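In structure tokens, one chain follows: the form deposited in one PDB entry.
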């Protein structure tokens, strides 16, 4: 019925994560914090290429990150946008856990 509503209904992609709306979904259930990587999966998965054992691996390059951080208002967030290295648990050559931004 309008452009912004069409966008929300039918367009899957913005670097600008809508924190209040995505953090309130079933998957995030209003938790205090989540980091989103604006990237294709393949370059993220490549971080763990050739790693079989469970290991924490910092990226050798930076990615575009959206951090949703809760305010004093329940399930209301502020968005921080940055580029940085991040750390993942690699297992069977795939990321299984996001460990942290800038450092393991």
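Positions refer to the first chain, counted from 1. Rigid core: the largest C-alpha set superposing within 1.5 Å between the two forms. Residues that one form lacks are left out of the comparison.
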Going by the average Cα B-factor in the PDB entry, point out whether 82 to 90 or 10 to 18 comes out higher. 10 to 18
Comparing average C-alpha B factors as deposited, tell me which of 49 to 57 and 30 to 38 sits higher. 49 to 57
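Below, we refer to the form deposited in another entry, which is not included among the displayed structures.
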In a superposition on the rigid core, which residue from 82, 14, 92, 24 has a CA displacement reaching 2 Å or more between the shown form and the other one? 14
Shown form as baseline, in the other form, CA residue 13-residue 37 shift of 3 Å or more puts them closer
Shown form as baseline, in the other form, CA residue 16-residue 7 shift of 3 Å or more puts them farther
Once the two forms are fitted on their core, the residues forming runs of at least three in a row with C-alpha displacements of 2 Å or more between the shown form and the other one are 1 to 14
